[PDB]
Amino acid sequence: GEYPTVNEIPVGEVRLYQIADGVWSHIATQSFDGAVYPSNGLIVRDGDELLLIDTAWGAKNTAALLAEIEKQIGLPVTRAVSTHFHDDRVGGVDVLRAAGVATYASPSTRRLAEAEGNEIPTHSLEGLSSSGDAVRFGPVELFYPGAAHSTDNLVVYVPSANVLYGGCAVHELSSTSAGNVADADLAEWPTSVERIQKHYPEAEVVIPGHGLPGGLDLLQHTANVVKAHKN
């Protein structure tokens, strides 16, 4: 009941929310087709450093994210991973790289970001090209579940806390619509959700790309939302 909502965060400001010991989400707001939406990413403590998952959707928000981290946590962000190629995930990568953050994404994401004209993470993550593939990256596991919201979408698991960050492949429980599906695979999305369910059965917290965290129910709910859209 305390997670910040869209009407609570002016565009340009960033909030942090403690999810578990050494795990936070970051929440920002920005504009799509003239309407303001909230957007989440993740921060995971990596010894005396931090791993960032996703930008805060643009340059101004990403600079505000780094400032909020400086104030709230006080550990340096040394690496970031973007979970797909859209600008709510890579927009602000240039701000990160000018702050000394090493930025990473799969080659699939990098190719799509390049073709879209979005900022491109510096480094390429091999080992994620086939559905069900996983790689460990610092304190997280990166998992490619197959095409869903996008063909390159990754999910991120924090094994120390049983936290699953679904990114835009996972919708919040209040969702009654499927959001921007222009780059989605509506047929494969339920199969990709099933793979996440099977791979992370112990997840205690599930964080969507937009909206409120909850439990494992966000996964089946997402498949249901997508089916309602498809039909």
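One rule holds for the numbers: they count along the sequence shown, beginning at 1. Superpose the two forms; the largest set of C-alphas matching within 1.5 Å is the rigid core.
- Relative to the displayed structure, the C-alphas of 31-39 lie farther away on average in 9 other deposited structures of this protein than those of the other candidate, with 31-39 and 183-191 compared after rigid core superposition.
- In terms of root mean square C-alpha deviation after superposing on the rigid core in 9 other deposited structures of this protein, the stretch standing farther out between 173-181 and 200-208 is 173-181.
- When the C-alpha B-factors of 103-111 and 70-78 are averaged, 70-78 comes out higher.
- Taking the PDB entry as given, 198-206 carries the higher mean Cα B factor of the two stretches 198-206 and 24-32.
- Note on 159, 121, 92, 145: the highest value goes to 159, judged by CA B factor as recorded.
- Annotation for residue 39: C-alpha temperature factor in the lowest third relative to the rest of the modelled chain, per the entry.
- The entry lists a Cα temperature factor for residue 180 that places it in the middle third of the chain's modelled residues.
- Placement of the Cα temperature factor of residue 155 within the chain: lowest third of the modelled residues, per the deposited record.
- Remark: residue 136 belongs to the middle third of its chain, ranked by C-alpha B-factor as recorded.
- In the PDB entry, a CA B factor belonging to the lowest third of its chain's modelled residues is recorded for residue 56.
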